[PDB]
Amino acid sequence: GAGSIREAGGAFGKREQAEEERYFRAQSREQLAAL
Amino acid sequence: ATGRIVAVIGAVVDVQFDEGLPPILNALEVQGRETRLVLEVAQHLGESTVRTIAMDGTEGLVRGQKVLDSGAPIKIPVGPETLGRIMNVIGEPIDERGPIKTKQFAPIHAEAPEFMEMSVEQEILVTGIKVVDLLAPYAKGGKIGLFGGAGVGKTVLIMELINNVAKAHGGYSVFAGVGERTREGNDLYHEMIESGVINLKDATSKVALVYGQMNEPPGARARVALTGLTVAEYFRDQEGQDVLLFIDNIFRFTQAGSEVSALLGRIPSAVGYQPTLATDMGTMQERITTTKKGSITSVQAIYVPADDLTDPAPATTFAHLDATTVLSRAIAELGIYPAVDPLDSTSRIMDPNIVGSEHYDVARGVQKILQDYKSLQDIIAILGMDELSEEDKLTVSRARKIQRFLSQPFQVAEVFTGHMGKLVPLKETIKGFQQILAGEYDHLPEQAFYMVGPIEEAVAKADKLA
Amino acid sequence: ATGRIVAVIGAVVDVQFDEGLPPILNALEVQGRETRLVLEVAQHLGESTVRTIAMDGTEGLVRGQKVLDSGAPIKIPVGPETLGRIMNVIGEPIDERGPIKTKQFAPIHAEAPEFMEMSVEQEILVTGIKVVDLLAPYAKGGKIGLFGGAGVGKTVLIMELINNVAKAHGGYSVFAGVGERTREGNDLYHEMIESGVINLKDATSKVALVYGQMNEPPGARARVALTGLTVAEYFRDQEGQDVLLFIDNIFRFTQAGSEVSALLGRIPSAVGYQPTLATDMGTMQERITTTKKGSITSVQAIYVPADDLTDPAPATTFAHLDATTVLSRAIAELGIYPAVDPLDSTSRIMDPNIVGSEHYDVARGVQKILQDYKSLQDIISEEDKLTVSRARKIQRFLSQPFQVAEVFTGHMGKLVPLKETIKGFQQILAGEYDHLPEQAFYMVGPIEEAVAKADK
Amino acid sequence: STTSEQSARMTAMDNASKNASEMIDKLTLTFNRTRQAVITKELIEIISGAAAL
Amino acid sequence: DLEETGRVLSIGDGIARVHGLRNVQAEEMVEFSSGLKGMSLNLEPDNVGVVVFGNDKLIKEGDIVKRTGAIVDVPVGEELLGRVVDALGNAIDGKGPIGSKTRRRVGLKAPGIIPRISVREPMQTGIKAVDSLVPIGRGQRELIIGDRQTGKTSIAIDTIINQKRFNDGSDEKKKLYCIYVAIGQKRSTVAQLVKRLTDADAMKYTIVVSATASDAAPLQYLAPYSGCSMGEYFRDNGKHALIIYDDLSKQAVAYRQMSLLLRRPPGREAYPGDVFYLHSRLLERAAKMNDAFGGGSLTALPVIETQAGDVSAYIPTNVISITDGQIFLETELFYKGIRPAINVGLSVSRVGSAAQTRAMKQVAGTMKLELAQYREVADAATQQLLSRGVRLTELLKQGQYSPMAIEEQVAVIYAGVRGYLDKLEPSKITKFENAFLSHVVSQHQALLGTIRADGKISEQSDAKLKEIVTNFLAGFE
Ligand SMILES: Nc1ncnc2c1ncn2[C@@H]1O[C@H](COP(=O)(O)OP(=O)(O)OP(=O)(O)O)[C@@H](O)[C@H]1O
Ligand SMILES: Nc1ncnc2c1ncn2[C@@H]1O[C@H](COP(=O)(O)OP(=O)(O)O)[C@@H](O)[C@H]1O
Ligand SMILES: [Mg+2]
Ligand SMILES: [Mg+2]
């Protein structure tokens, strides 16, 4: 049950996906501007 | 045509005719019985043998006993003489008030109205119940279905609808008790007498009563809904009247079929149900309809086995209703009564062109905020209330206020709560929910909306609490 | 009467009798076989044919083979000469020590005692084990569900119960290995021989073994419990004893019944179990009771399928259990023996109207102090340390050395009376031993031994 | 402020674990019910298919 | 003679196929040569299916079956009071034969709509929680539903014992005759129950019908209907009977066994389709008759055992849809020491509230309101609600085999709801209660007598109660 929280969908898996995307769109912005 | 019994298995009787095999659906009278034992023909088995379903208990039946063919299906008296009377599945009076002296009898088996006899008008039927009026309004001449498990409030709701709609009704009304408590029938009879709706002294009664209850064998429980249908059909077709038809419980009809489907020698379907479940239900339900010769508004209570809403019987009944009120045990255990599930009850007049754009928008906003709260439930349940945004906290507060405001004290429920029953008009309901949605009561405690009528009583209760 | 085999389908055999059909549940001997093949009648099919379940393999059976009606159900030899032996479901010796020479045989199918033969009062069966007698006592004539399997000393507990009941109450024991693995059956036989419970030289054995292995057809594994129960019933009704009956496993009894019912072509009930699940369990368990002559107390190893207590087999077994003894590995890791979990073991007679107000108060105090100790362990004030100390002492004192282990640990075996148990735990609760060290209560008998050990 | 957030966080995570364990117990009961019902439904399907022969 | 006699064609699965009996009726009691009896279930063109009320071991193919000419019936009458009979009305207590001169069919139908009238008289259980919050009236069907070992049988036994105060009096319209039906219970449990009732002198008005776990499934299927006929004998003769079915889950299991052995299509949880009708036709016979039919009643207390507290299962919801309310016994409350473990928020009595005595109403309205507020709360007003709720909860606990008269319950609930216990620490409430009761029993018999005679707390009696409670609480710890 390693990805059990995001494989089940639901609020705790949809918030995890949103948090991941937020962090990495931030990092992709601060990685592209530094290119 | 005289036949003889060759087999008896529970409620199913195989009868053997030498001359004159009777058609299917005929009524046969067993000879040598104290009370009238009627068998309805269901199958021709070949070899001049028919299979039949008994309308009463089959104890004491012997192989070789004689049976007479009536020549027609079960015929019940229909007419204004059935008003204020109680009849059983085969039309006998069971109120000890003597015979029912009608001028005409109708077979309880008839074809549904044609496609060209249908009516399309969709006036709204205001009941005085906030959740029903707002989210899933009933329609005049429509089909209402109250779903719910055991002990969630189907009978309280149907008696509140009898109290609100049937009392001030213009036309007639028929109540068919199908597989329910006999003491509930006694309660309803004596309550309709003490309220003057049934008049034992003249011809002013306005309600007919048919009853085959949970003590009756499966054949009577299978045909008593048809008997009630027949009375209502007479009052619709042959008098042009606007009829109310209350059925409780319609599920029992289906259930009774199951009990005989095994004995009729049919391969079972899913959940052990008769393979003919949907066709039997449709054959019954298409007679419960409005035509252009008269209107029938039908309130049917539908039992949900083991609270399983996907059970074949309720899942098949869903497609026959114009408006559905789905009661919930989870909502009832929170203390919200009626336990109507706001995110599961629907109606076909919930269309802005029918209810007005204001009503439509208020109902849609209520459902949207309740759905948002339902989405937040998980994060609320594990991480608690503190981890929500301020907008999430605001929508949770408003959604809980709306939840409590959907509850309402019933006039028929005073006797076990003491609180007087409130009857909320439609405009008051729209206004109160509009104001809770706009944010005009974000300061009142959420327990001030619980078990009140209009929003003014909520403000008064909030004051009294402080 | 003699009939002939007309059908052989797996472990089901249809036998046709030209005259005198045998009643249902009779035993039929198939003729012309190298080893004894017994068939138990289950139905009368009509046309003088009976359907039977086989008690052994049916390979090499021929249609038309002669079969002899025995005129009774499966009869087994009962008596003291069964003590220390191993027999199978049909009463045959399987330990290679010759014939079991008893004077009387008994049918394995008998009726539960009549309503007027029941003991109208519940009473305690004293086992001499402190944790059992105190926290979850055994009713005389009741059913005890023994939870916990391997690595918690279940066999040592079984042998200690046998020995304690033989010494204190003077009653023998039966062990029905229903669905027994042959490896573990051999292991248990030799563990009992070593610990002195079984004696291959003199007539002082205390237990009679009845094995139905896993490689036997479902009928044998279904009736082996009734065979052991018949031995125990002899020891109760004819000797007037307080017999112990061990049934391991009871879930295998249920499974054998399920397989037998599925072979007979009956429609399965819920979760696949036999439609006669409750009545099978009832006609078995209602014979384990207290009569006016003696009693039978049954310790039954419980297995819960999928760890779901609402499964039909555990939920049907639990309706009959009068006590529960949970052997936990966490308690065994703490060196405490027996590994009886003191908070999870329950008893229906732990009630002031049955065990007395004093016994009940002492047991409730012990339970509360253990709960308090674990609640304090959760986080780790003034008296919280006092409860911690007293609960450590209570934990250590629940342990006890068993006689059947004397050849391993060297220590002596303690059979603590019930009064001594109540008194010791009463004194520990009332603070009479806050000066002794907590290691002075480990592996002792009465509390006098605890103070004598603290003297060292 | 520390010793106030390190204890409030401890209590919050304790309550979160308690609620999670409660939901786990409820869901385990539901799971056992559902799997028993599934086994029985499959059995009934097989039995009904075999009885039609 | 193939008209009053048959020969067993086959036996197995509890059902005997019999050839002959061309004159047998449906549901008629036939008799086998081995002394056993059976019910003619399926009449077929070539054979009769007979349900055997015993072990198949006793019937061989070719055995002769005679017919009794009587639909299945049991002996009824007052000669059964104090006797322990089996599902067929045969004595199993060894006190000789039942001297009954009346028999009654077990499969009779319930009274219709007209013979009944609404439940009005109280059925005193003697349990504070029940009599105050879940009142039961004579003619009601109240469900006792709960897990295993939660106290259901104890509630039933306390009711039976409590009826002793009325059955010794001279008022005939207040006596209650009890019937206890044991279905699939251990036989030792039923023997211990019979002794418990004999010690309380409660057997002289009790009939015990026993179909235990080692009895054939048809006997456990039939026992409720035998008991119900024994109670209908009183319901139809102007008297009042109470009947406990302990329990209907095991009767449903026995009926499912009989159905699956007859190869009938299984439904939910492999139960037959007519497992609802099984209990509905039985519990509908518990009724209150109007004065034109005698005025007698039959009160039913069906017991149901749930698994892991799931009351949304099949048989629990069936019986909830049949009866007039339920008493939820919770395991969490039983393990915490709250006994009786009644879940007062989920236990309901639909038709019994109109049967409560006036004094019990006077105190119990306030009690219900306050316990409700306590349930919703869990400042200085909410802590007062917590204190009052904890005190009332401790006041609702009760021992075993000691039911209370209604006036004593009224006095205790009075002392609780009026606020006199708000300064006592909760761990003492119980103690106080006993003490208080003892006092009111010895020094103030006249106030109890006048509250019993009036049926209400007069203002004179209210002042006496206030005086007594204040004076006792003064000189208390
Ligand atoms: N009010 C009470 N006070 C103290 N103990 C009680 C009380 N009620 C029950 N008990 C105890 O709980 C034990 C078991 O409860 P009981 O057998 O009466 O209920 P049950 O639900 O019928 O159990 P079963 O699962 O055997 O049917 C009783 O032996 C009794 O000791
Ligand atoms: N509107 C209500 N107000 C208060 N209590 C209610 C309400 N509806 C139901 N209940 C409670 O739920 C119980 C079940 O009522 P009922 O309608 O007879 O159940 P069913 O769904 O089987 O018809 C009632 O006795 C009552 O205690
Ligand atoms: Mg209803
Ligand atoms: Mg019980």
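Residue numbering restarts at 1 for every chain, and letters A, B, ... go by the order of the sequence lines. Side chains are part of it too, since the values below use all heavy atoms of this structure and drop only hydrogens, waters and symmetry mates.
- Between chain C and the residues E:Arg256, E:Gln307, E:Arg263, the largest count of heavy-atom pairs under 4.5 Å involves E:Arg263.
- By number of non-hydrogen pairs under 4.5 angstrom with chain E, the leading residue of C:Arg287, C:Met284, C:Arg51, C:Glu111 is C:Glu111.
- Between the C:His44 side chain and the E:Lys60 main chain, no donor and acceptor come within less than 3.5 Å of each other.
- Between chain C and the residues E:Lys57, E:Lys186, E:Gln185, the largest count of heavy-atom pairs under 4.5 Å involves E:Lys186.
- When the candidates C:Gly282, C:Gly142, C:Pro268, C:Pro312 are compared by the number of heavy-atom contacts under 4.5 Å with chain E, C:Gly282 comes out ahead.
- Looking at C:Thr289, the atoms closer than 4.5 Å to chain E (heavy atoms on both sides) all sit in the side chain, from C-beta outward.
- Both the backbone and the side chain of C:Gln43 come within contact range of chain E, each with at least one heavy atom under 4.5 Å from a heavy atom of that chain.
- Listed here is the closest heavy atom pair of C:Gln371 and E:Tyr335: NE2-OH, 3.5 Å.
- Interface remark: of the candidates C:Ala319, C:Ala278, C:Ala315, C:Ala315 forms the most heavy-atom pairs closer than 4.5 Å to chain E.
- Applying the 6.0 Å contact sphere to CD of C:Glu121 captures more than 12 heavy atoms from other residues, nucleotides or ligands.
- Neither the backbone nor the side chain of E:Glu305 comes within less than 4.5 Å of any heavy atom of chain C.
- Of the two parts of C:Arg348, only the side chain, counted from C-beta on, holds a non-hydrogen atom closer than 4.5 Å to a non-hydrogen atom of chain E.
- Only the backbone of E:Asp215 comes within contact range of chain C, with heavy atoms under 4.5 Å apart.
- Considering only heavy-atom pairs separated by less than 4.5 Å from chain E, the leading option among C:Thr49, C:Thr276, C:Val41, C:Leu25 is C:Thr276.
- If you measure heavy-atom distances from C:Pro113 to chain E, the contacts under 4.5 Å come from the backbone alone.
- To the nearest 0.5 Å, atoms CD (C:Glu114) and CG (E:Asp93) are separated by 12.0 Å.
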**Request:** Determine, stepwise, if the pair E:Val194 / C:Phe115 fulfils side chain to side chain contact (heavy atoms under 4.5 Å, CB included).
**Result:** CA-CA 11 Å; E:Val194 168; C:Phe115 178 87; 3.8 Å; yes
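- Side chains of E:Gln192 and C:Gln122: a donor-acceptor N/O pair is present below 3.5 angstrom, by distance only.
- Of the inter-residue distances, the one linking C:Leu277 atom CG with E:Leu260 atom CG reads 11.5 Å to the nearest 0.5 angstrom.
- Only the backbone of E:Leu9 comes within less than 4.5 Å of a heavy atom in chain C; its side chain stays farther off.
- Looking at C:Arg266 and E:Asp13, their side chains come closer than 4.5 Å, going by heavy atoms from C-beta outward.
- Inspection of the E:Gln257 and C:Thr279 side chains reveals an N or O donor paired with an N or O acceptor under 3.5 Å.
- Counting heavy-atom pairs closer than 4.5 Å to chain E, the top residue among C:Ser48, C:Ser261, C:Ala42, C:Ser119 is C:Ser48.
- Only the side chain of C:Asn353 has a heavy atom closer than 4.5 Å to any heavy atom of chain E.
- The nearest pair of heavy atoms linking E:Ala191 to C:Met118 is CB-CB, 3.9 Å.
- A distance of 14.0 Å separates CE of C:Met281 from OG of E:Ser214, quoted to the nearest 0.5 Å.
- Other residues, nucleotides and ligands contribute only 12 or fewer heavy atoms inside 6.0 Å of the CD1 atom of C:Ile9.
- Only the side chain of C:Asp322 comes within contact range of chain E, judged by heavy atoms closer than 4.5 Å.
- Contacts with chain C were tallied for E:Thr212, E:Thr198, E:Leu193, E:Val190; E:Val190 has the most, counting heavy-atom pairs under 4.5 Å.
- Heavy-atom pairs under 4.5 Å with chain E were tallied for C:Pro73, C:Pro22, C:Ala112, C:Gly46; the largest tally goes to C:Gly46.
- Heavy atoms closer than 4.5 Å to chain E are found nowhere in C:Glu117, neither backbone nor side chain.
- Residue C:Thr346 holds its OG1 atom at 6.5 Å from CD of E:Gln149, rounded to the nearest 0.5 Å.
- Only the side chain of E:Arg148 comes within less than 4.5 Å of a heavy atom in chain C; its backbone stays farther off.
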